[PDB]
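The structure under discussion appears below in the form of C-alpha cells.
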Ligand SMILES: [Zn+2]
Ligand SMILES: [Zn+2]
Ligand SMILES: [Zn+2]
Ligand SMILES: [Zn+2]
Ligand SMILES: [Zn+2]
C-alpha cells in the first residue's frame, strides 16, 4: 500500500511519501516524469542513486518507509513509486503510486477553436477542436454549443500532464460529427469556465466565414 | 586432538628429483591444512596454506593438494636449498597439531663406515667411571646397528648414541656410541668390542680391545 | 552512456505469440541481472520477470508464470521476452531494466537504467495507419496543430518541422474512440505576427503500419 | 616489518614456574590471535596454545592443559605464557607466533626469536676432558663429560685442525649432566710427528681446558 | 566453482547477519537465521570469504567513521566462529 495517492504542494515545501512494507526485503523509490523512463532515486531504503541531489532522502520505521523531498521545485512534478523486492526467490511489488502536483499561481487558459479541415470533410467526418492552453488549476469545464444548442455526448477531451517548467496543464475537447450533420449547422462554440476567468469565455465560428 | 600423520619420516633424493610427502589427518579437516619448511636452528617457514595456496615468495616448484583427510606436498624439481625438514599442520580446530615431520636428505652412493674403538683413559679410571667409545666415520645411509659385547656378552641399557648431520663435502654421516661403566665393573672383564652392522658391509665388523 | 533500446511492440491476437527485444550497450551486459517491468494504461508499474546474470535462472510474477519467457543472448547483448499466451490484461507499455548491483551479490539495489519502453496491445482488431488533418491558425499568440485520427494500435509519435520546433508543443495523450480506433492532437503556440512568412509541418509516424506523414499547417485563405 | 621480541625463560627446577613474554609490532595486535609453539632437542614442532584478540577464546594442547596459562595485554601489544609445575619433559625452545590474518583459523606465519627453557635439578658444573687415544688413517678425540648447562665449544690446535673433525651433539645422561665427544681422523704417519690438542671451553662455569691427546 | 559461489551468494539472505552484528554492537532472532545462511558456505574458504566481504561491502556507506569501520570488521571476523563454523584462514575485508 502507498499513501497518499495524490499530493499538491507549493515550491519550497516538503513532500513526504510512505509505503507499508510487507520477510527481509530491499526497498527502492522511482520517479516517473511525464514522457520519460523511470528513474531510480533511493535504493536499499536510504541510499541515494548517483546524480540525485541531497534534496531527496529516504528512511524506514518498522512496517513503513518514506521518501522526502525538501526544496520542492517545479521539476518534481511526477508520479512516484515505492519498490520492494523479497530475498531469493526474488518477488517484486510496486506501490500504487503517488501523483505529485506542484502548485503555482492561478493561470487562466488561452482558448482556441478549430473548424474541421476541408480535407477531413472530404473524408465524410468532421472534428471540431477546442484548445485550452497553459492554465492552472486543472479543474475546468468545457460545454459545446451548436446553433446555441448545448451538446452532451459527442465530445471527448484529453489533458496533458503537468508541465515540468511552468507547472501548467493543457486540454483539448474534440466535438466529432458526421460530415452531413456538420454541414447542416451554422454556429459552433465552446464555453470555458475556470477559476482564472471572471466570467465564462466563449470562442465560436460561423461555418463558411 | 586431531592426529596428523606424515609419511615418510625420512627421504633421500638428488637435485632434480620429484618428491612427494603425504599427510593423513585423524578426521576430515576440509582444506585447513598447511605445510612448513624448517632448516636446523631456524624457525619454520610457511610454504602452503589452505592445502593448495602458495605463500608469497615460495617458488612454484612447491605444490600442495588434497581435501578432507589425505594431503600431499610435491616438489617438482628438487633444488639444493630444498633439503630440510617438512611439517604438515592443521588449523581446522584447536588445539592445532603439527605432523611428526619429514626429513629430506641428500642421496649418494653407499659407503661403509670406518670403525674405531677407544678404551677409557687412565685419568678417567682414577675418578671411578669408565667410558668406552665406538666411532663410525663417514658412512651412508644413516641406518646402522652398534652392538656392545663385554666378554662376548651383549650389553643393553648402558650405552648412548649420537649422530651428526650430513657432511657438506661428502654428504655422509658419523656416529658415536658410548658404553659407560664404573671402574669396578670395568676391571672385572677382559674383552670389550662393538659390532657394527651396515648394508655397505658384506659382513658385520667387530673392533675389540683387551683391558 | 548506458543505453537500453526495446523493440518488437505492436498488436498480437489473444492466444497468439509476440517477442520483445532489448539491445543493451554501454556496460558489461553479461555481468548484470535484467528485468521486464510493465505499466498498464492508467495503472502503476508491475514487475514481469527477472533473469539472473550469474546462472541465467528465471523468475516470473504469479500473474505471468507459464505464459511468458525471459531469456538473454550469449553472443549478443540482447534481452528477450516471449509472450506465448497473451491475454487482454497483458496490454501495457513494457520496460527493459538493468539491475543496479552486479551479479553474485546477495543485496539488491533496485534497477538503475530503464529503456524507453515498447507498447504491446492484445486484441483481435486490425492495424490501421492514421489520417493527419491540419488545425489551421487564426483567421499576440496564435495556435495551430495536427489532428491524427483513426489509428490502431498505439503509439504514434509527432514532431514539428523535424524536431526544430519544440517550444510550445503539446502532444495530447490518445483517446480511444467508440469505433475502437485512437485519435490525438498535437498543437503549438506561435507568434501571430509571422503566420504569413513561417512554415509549419507536423511529422507523424505510426510504426505498426510503417506510416510516415508530413502535413503542412497553414492559415486558410478565406 | 613484523617484529616479535620474546623475553624470559631460562633455568628452573622441576615443579617450579617460569613466565615467557612476547612483544609485537607491525600489525593490528588487538585483532590477531597469538600462539606459543615449542621444539624440544631433536624433536618435532609441538603446538601448545593460542589466544584470541579479545582473550575470550583460549585453547591448550593436551600435553600442557592445566599447567600453563596464556594471557595478553593488548595495550602493551604483548602475549604471555605462565608455565607452572614444569617437568624435565618441558625443556625446549619456546616460540611466539603470529598468524597470517585475523581469524581463528589463520595459520602461524611469523615467529619470535625463540627462548630456551631448561627444567633441571642440576647445578652448574664444568666439564672433565679425557683423551681418546690412537692405537691408512687413524682416529683420536676428546671426551667432554659431566657438564651443565649447555653449550661447550671445542676446537683442535686452536683452529689449526678442521678437516676430518666431527664434534657430536651432546647427550643428556641419567645424572642430568651432558656429555659429548669430538673426534678427528688423520694419516697414520703424522701421529708421532704431530701434537694434537683439543681446546674445550665452557662459558657458564668459566672453565678452559687444553688436554693433550697422546697414543 | 567460482560460478557456483556466485549463484549461492545471489540466493543468500545475509541481512540477519548485518542485524545481529549491529545489535551486537548496540549493546537471538537474527543469529539463528544468519547462521543457517552462513552454513551454505561452510568449509568452502573462498566462498565464505566472499560472503563476509559482501557484508562489508553492503555496510561501507552506513558506517560513520574509521573506528566504527574497524569495530564492525572485528565482529564480522568472529561471526563464523560464533555460528559454530570455520572462518577462512585469509580474507581481505578492506573495501
Ligand atoms: Zn442547427
Ligand atoms: Zn660387569
Ligand atoms: Zn536474440
Ligand atoms: Zn670423517
Ligand atoms: Zn543477534
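Protein chains in written order, with PDB author numbering: chain B, 5 to 26, 29 to 215; chain D, 1 to 211; chain A, 1 to 139, 145 to 227; chain C, 1 to 135, 142 to 221; chain E, 29 to 55, 85 to 152. Idealized CB from N, CA, C, for every residue including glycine.
Distance between residue j and residue i (C-alpha atoms, nearest Å)
i: residue 84/D; j: residue 59/D; result: 15 angstroms
i: residue 158/A; j: residue 159/B; result: 25 angstroms
i: residue 171/B; j: residue 31/A; result: 38 angstroms
i: residue 152/D; j: residue 109/C; result: 55 angstroms
i: residue 66/C; j: residue 88/D; result: 26 angstroms
i: residue 6/A; j: residue 153/A; result: 25 angstroms
i: residue 21/C; j: residue 6/C; result: 6 angstroms
i: residue 90/A; j: residue 46/A; result: 11 angstroms
i: residue 129/B; j: residue 41/A; result: 30 angstroms
i: residue 14/A; j: residue 124/A; result: 7 angstroms
i: residue 94/E; j: residue 88/E; result: 10 angstroms
i: residue 58/C; j: residue 39/D; result: 30 angstroms
i: residue 91/E; j: residue 92/B; result: 16 angstroms
i: residue 101/B; j: residue 20/A; result: 25 angstroms
i: residue 26/A; j: residue 90/B; result: 27 angstroms
i: residue 143/C; j: residue 192/C; result: 5 angstroms
i: residue 138/E; j: residue 162/D; result: 47 angstroms
i: residue 116/B; j: residue 215/B; result: 22 angstroms
i: residue 128/E; j: residue 150/E; result: 12 angstroms
Same chain only: Cβ atoms within 7 angstroms of residue i, ignoring 5 sequence neighbours per side
i: residue 119/C; result: 12, 14, 86, 87, 88, 90 and 91
i: residue 74/A; result: none
Beta bridge counterpart(s) of residue i as assigned by DSSP
i: residue 212/B; result: 193/B
i: residue 62/D; result: 75/D
i: residue 147/D; result: 195/D
i: residue 193/C; result: 143/C
i: residue 125/E; result: According to DSSP, which records beta bridges pairwise, residue 125/E is partnered with nothing at all.
i: residue 10/C; result: 117/C
i: residue 183/C; result: Paired residue(s): none; residue 183/C is not in a bridge.
i: residue 74/B; result: 20/B and 63/B
Spatially closest choice to residue i from the options, by CA coordinates
i: residue 35/C; options: 161/D, 154/D, 94/D and 80/D; result: 94/D
i: residue 154/D; options: 2/D, 82/D and 196/D; result: 196/D
i: residue 131/C; options: 42/C, 215/C, 51/C and 3/C; result: 215/C
i: residue 104/B; options: 162/B, 207/B and 39/B; result: 39/B
i: residue 57/D; options: 48/D, 64/D and 65/D; result: 48/D
i: residue 16/D; options: 61/D, 53/D, 46/D and 52/D; result: 61/D
i: residue 100/A; options: 93/A, 109/A and 92/A; result: 109/A
i: residue 162/C; options: 175/C, 202/C and 196/C; result: 202/C
i: residue 212/A; options: 173/A, 120/A, 148/A and 86/A; result: 120/A
i: residue 52/B; options: 44/B, 74/B and 43/B; result: 74/B
i: residue 165/B; options: 166/A, 170/A, 180/A and 161/A; result: 180/A
i: residue 192/A; options: 226/A, 54/A, 214/A and 146/A; result: 146/A
i: residue 53/C; options: 192/C, 33/C, 16/C and 155/C; result: 33/C
i: residue 49/A; options: 98/A, 72/A and 36/A; result: 36/A
i: residue 178/B; options: 12/B, 140/B and 61/B; result: 140/B
i: residue 112/A; options: 118/A, 97/A and 103/A; result: 97/A
Cutoff 8 angstroms; reference residue i; Cβ partners in own chain excluding five residues on either side
i: residue 121/C; result: 13, 14 and 182
i: residue 137/A; result: 148, 149, 195, 197, 200, 222 and 224
Own chain residues within Cβ distance below 6 angstroms of residue i, not counting five before or after
i: residue 150/C; result: 127, 129, 158, 186 and 206
i: residue 151/B; result: 195
i: residue 50/D; result: 31
heavy atom of ligand 7 below 6 angstroms from residue i C-beta
i: residue 200/D; result: In the structure on display, ligand 7 does not appear, and the ligands it does have are ligand 1, ligand 2, ligand 3, ligand 4 and ligand 5.
Relative to chain B, which residues along the stretch 103 to 122 of chain E have a C-beta separation below 9 angstroms, given in chain order?
-> 115, 118 and 119
The stretch 93 to 117 of chain C: which residues have C-beta closer than 9 angstroms to a C-beta of chain E, in chain order?
-> 99, 100, 101, 102, 103, 104, 105, 106 and 107
Going along the stretch 22 to 56 of chain A in order, which residues come within less than 7 angstroms of chain B, judged by CB to CB distance?
-> 44, 45, 46, 47 and 50
Looking at chain E, which residues of the stretch 25 to 50 of chain C have a Cβ within less than 9 angstroms of any of its Cβ atoms?
-> 28, 30 and 31
Listed from N- to C-terminal order along the chain, which residues in the stretch 68 to 97 of chain D have their beta-carbon within a distance smaller than 9 angstroms of any beta-carbon of chain E?
-> 91, 92 and 93
Name, going along the chain, the residues of the stretch 41 to 53 of chain E whose beta-carbon falls closer than 9 angstroms to a beta-carbon of chain A.
-> 41, 42 and 43
Using a Cβ cut-off of 7 angstroms, which residues of the stretch 48 to 63 of chain D contact any Cβ in chain E, in chain order?
-> 49 and 50
Return the residues of the stretch 138 to 172 of chain B that lie within a Cβ-Cβ distance of less than 9 angstroms from chain E, sorted by chain order.
-> none
Can you give me, in chain order, the residues of the stretch 17 to 32 of chain D that have a beta carbon less than 8 angstroms from any beta carbon in chain E?
-> 30, 31 and 32
Pull out every residue of the stretch 185 to 214 of chain B whose Cβ sits closer than 7 angstroms to any Cβ of chain A, in chain order.
-> none
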